[PDB]
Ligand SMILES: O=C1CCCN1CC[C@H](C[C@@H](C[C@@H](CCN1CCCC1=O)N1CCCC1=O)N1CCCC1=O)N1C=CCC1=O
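A single chain, nothing else alongside it, follows as structure tokens in the form solved without the named molecule.
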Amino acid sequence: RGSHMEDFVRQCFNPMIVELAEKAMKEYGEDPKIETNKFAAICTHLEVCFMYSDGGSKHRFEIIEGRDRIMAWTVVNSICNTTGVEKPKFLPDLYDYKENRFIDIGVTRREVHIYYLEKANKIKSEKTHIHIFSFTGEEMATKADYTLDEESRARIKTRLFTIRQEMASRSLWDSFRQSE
């Protein structure tokens, strides 16, 4: 029962990101062929995380998203037992070696305020930095500290709005926005 959303996801994101998203969905018992809006959202989240790691210096960020559950937690404990940062209760997306903190990146179709509120109470980790991006071009980070310079963030927001235009041109945006 191949959907229009599935074929769009594959010719919109690069094969390596599609591969990682398929593995992440299948690991937690989900099928990219059926729950296709979630397939698109994980690909989007993965690409943003990768563009985000690109923004800093060469060795600024340790990428934890995109790893399997076991190795991702292995890297977290290595970072904790080396830098003394508190071990987060839930998996973050990156570690900032410059600012010495874990980052969880959020990509939402709702208002940045609402999504941020939920990620704060859910993570419950006082130390984990939070950075939210929306498909409309707004962002919101912990303590108003946006980590990267403006140009690296603007590149992410441009890509996010391009993705939304591409789904809107194929009439899949409405079903995607109504899926979150």
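Residues carry their position along the shown sequence, with the first being 1.
There is another form of this protein, the form solved in complex with the named molecule, and it is not shown here; the text below is about that form.
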Every residue in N14, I63 and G66 with a non-hydrogen atom within 4.5 Å of the named molecule in the entry with it bound?
yes
Could you confirm whether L172 comes within 4.5 Å of the named molecule in the entry with it bound, counting heavy atoms only?
no
Applying a 4.5 Å heavy atom distance criterion, does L20 contact the named molecule in the entry with it bound?
yes
